[PDB]
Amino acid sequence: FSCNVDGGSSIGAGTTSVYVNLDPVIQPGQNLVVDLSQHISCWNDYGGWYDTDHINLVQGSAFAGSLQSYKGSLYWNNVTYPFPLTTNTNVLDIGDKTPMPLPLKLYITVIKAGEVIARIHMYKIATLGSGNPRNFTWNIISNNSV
């Protein structure tokens, strides 16, 4: 199983920074959209749904630093969850070789350029053998002040 960020080099596990351009101005009560689907893409490494990868986001995924106290929501594979995550999400299944934009959006209801605003833990386990489970962490960093 593999992922990449902004067409970058392949990622098999670990921590990766994900950089987003946000609307630099808001009135409170109006929520911000962080579409991560535009930055993170993932695919199956063999294809044909031969050894299907099973992906979900993990309990403990939360806002970081500046936004720690904020409440928000997280959209994942056709389902919306309260954010920070208090449970695991539904499972997204990936078996094609053509990169798939992660169906992941973060909504947040005072951001400084270059800070980590969310840390999203993602779990992977496949179907065949042990499934060779892997963990991913996406540290979401705002490319502009907001």
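Take the two forms, superpose them, and find the largest set of C-alpha atoms that agree within 1.5 Å; that set is the rigid core. Counting begins at 1, following the sequence as shown.
**Q** Relative to this form, superposed by the core, which stretch has the greater CA RMS in 8 other deposited structures of this protein: 39-47 or 26-34?
**A** Of 39-47 and 26-34, the stretch deviating more in 8 other deposited structures of this protein is 26-34.
**Q** Say the other structures are aligned on the rigid core; which stretch then has the higher CA RMS in 8 other deposited structures of this protein, 83-91 or 57-65?
**A** Result of the core-fitted comparison in 8 other deposited structures of this protein: 57-65 deviates more.
**Q** Scan the PDB entry between residue 109 and residue 110 and report the missing deposited residues as one of none, 1 to 3, 4 to 9, 10 or more.
**A** The entry has a gap there, with 4 to 9 residues left out between residue 109 and residue 110.
**Q** Quick check on the record: does 24-32 or 37-45 carry the larger mean Cα temperature factor?
**A** Per the PDB record, 24-32.
**Q** Comparing 48-56 with 65-73, which has the greater mean CA B-factor as deposited?
**A** The deposited B-factors put 65-73 ahead on the C-alpha mean.
**Q** Which one of 103, 95, 114, 99 shows the biggest C-alpha B-factor in the PDB entry?
**A** The record points to 114.
**Q** Compare the C-alpha B factor of residue 89 with those of the other modelled residues in its chain, then answer lowest, middle or highest third.
**A** For residue 89, whose C-alpha B-factor we compare with every modelled residue in the chain, the answer is the lowest third.
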